[PDB]
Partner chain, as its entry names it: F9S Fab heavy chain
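To begin, one chain is listed below as structure tokens, in the form deposited without its partner chain.
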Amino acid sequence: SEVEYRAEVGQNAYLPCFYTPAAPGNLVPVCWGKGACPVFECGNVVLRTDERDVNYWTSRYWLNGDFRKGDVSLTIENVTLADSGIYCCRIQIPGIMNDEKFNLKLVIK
């Protein structure tokens, strides 16, 4: 057994990811992709934010939480078996190599 997130075909999938803004409104860029975080930046990119807003998304992928307070959890709508796999949520902390890397396993049946 290990940590995983689950959905049936047709449901939405919910993959958690959080950080804490250093001060209110001080956002840091976030990278969501399919594939483990050792791949490129955050895998095969599906969604990105910068210090101001979401700047990139792919159909069916959403940040529906309060991402301006650090809830950068992902929603995938209407999943198929092909959406199964590891996803990377990368918190791109400016000022060093110290990014926060989260790998989330999505199991679809």
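Here the rigid core means the biggest group of C-alpha atoms that line up within 1.5 Å when the two forms are laid on top of each other. Residue numbers count along the first chain shown, from 1. Only residues modelled in both forms are compared.
Not on display, but discussed next: the form solved in complex with its partner chain.
In the bound PDB entry, no heavy atom of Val79 sits within 4.5 Å of its partner chain. Remark: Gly95 counts among the residues lining its partner chain in the bound PDB entry, judged by a heavy atom distance of 4.5 Å or less. The closest non-hydrogen atom of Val72 lies beyond 4.5 Å of its partner chain in the bound PDB entry.
When contacts are judged by a 4.5 Å heavy atom cut-off, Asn44 counts as touching its partner chain in the bound PDB entry.
The rigid-core alignment places the CA of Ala36 less than 2 Å apart between the shown form and the other one. Relative to this form, in the bound PDB entry the C-alpha atoms of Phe40 and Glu100 approach one another by 3 angstroms or more. Compared with the form shown here, the C-alpha atoms of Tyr19 and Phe40 sit at least 3 Å closer together in the bound PDB entry. Core-superposed difference between the shown form and the other one: one segment of three or more residues with every CA shifted 2 Å or more, namely 38-41.
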